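Take a look at this single chain in structure tokens; it is the form solved without the named molecule.
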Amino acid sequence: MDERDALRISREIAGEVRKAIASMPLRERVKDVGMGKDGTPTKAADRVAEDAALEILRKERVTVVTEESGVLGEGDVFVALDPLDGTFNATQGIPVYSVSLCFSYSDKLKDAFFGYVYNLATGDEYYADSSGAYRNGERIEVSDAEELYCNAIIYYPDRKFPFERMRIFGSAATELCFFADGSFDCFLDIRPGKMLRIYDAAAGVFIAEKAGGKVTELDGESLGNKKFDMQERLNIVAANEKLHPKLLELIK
């Protein structure tokens, strides 16, 4: 499988998941219908998205790591799938929620070859491959901000901060893309609990890095070794190269 397949498989998945969600009323979306393999609840929205996405993905030679059903298949290509990131917003009719896919040639993130995050409320398409990083078919790159007085996405602010603004939209895979296109000067998830799972971050990190961004765990270590399994957890620090060391210091 190559980056071209992945882009085609992702489009197909994005379409069906956009249908399935659009067709499901809010009151239905919010029902708890099961336990996820990740150990969080599966809402009726998640299940309906994952089923649509899995229908298409299992037909490929892959192993899938997905929030609700867990680890499936035995292929050499691994796919980190958040069938629905921002499930809370989707249950409330808040227009920031996405399906997110990262394809890797290995169970480690450093062998990623494709990232895909698709906003299910607006149809904004972010993805990345060899050619670079794209939003709705147009190349996206990060910002050049040098000052700490920047626009920040941060989970969670818990002290005074020198930021011009802080924002928290409740869809990590999409907010990583808000950073990748330069909308925001950085993405911080410094929650000491280390909450983010591989299917939350992977696509977003890949897109951000291809868009030029410096992306590392809470203390600057490559994310290359993060595994495509359900056990994996992440803190993320992400900014342009000039600003990144500055943030690393700040959150010490």
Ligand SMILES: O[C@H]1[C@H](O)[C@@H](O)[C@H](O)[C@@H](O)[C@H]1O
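For every residue, the number given is its place in the sequence shown, counted from 1.
Not pictured, yet referred to below: the form solved in complex with the named molecule.
The contact residue chosen from 101, 172, 142, 128 relative to the named molecule in the bound PDB entry is 172, the criterion being a non-hydrogen atom within 4.5 angstroms. Contact with the named molecule in the bound PDB entry, defined as a heavy atom within 4.5 Å, holds for exactly one of 58, 191, 227, 37, namely 191.
Although the partner is absent here, residue 196 lies within 4.5 Å of the named molecule in the bound PDB entry, judged by heavy atoms. None of the heavy atoms of residue 113 is located within 4.5 Å of the named molecule in the bound PDB entry.
In the bound PDB entry, at least one heavy atom of residue 155 sits within 4.5 Å of a heavy atom of the named molecule. The named molecule is not drawn, but in the bound PDB entry it has a heavy atom within 4.5 Å of residue 200.
Contact residues in stretch 66 to 90 (any heavy atom within 4.5 Å of the named molecule, taken in the bound PDB entry) are 82, 85, 86.
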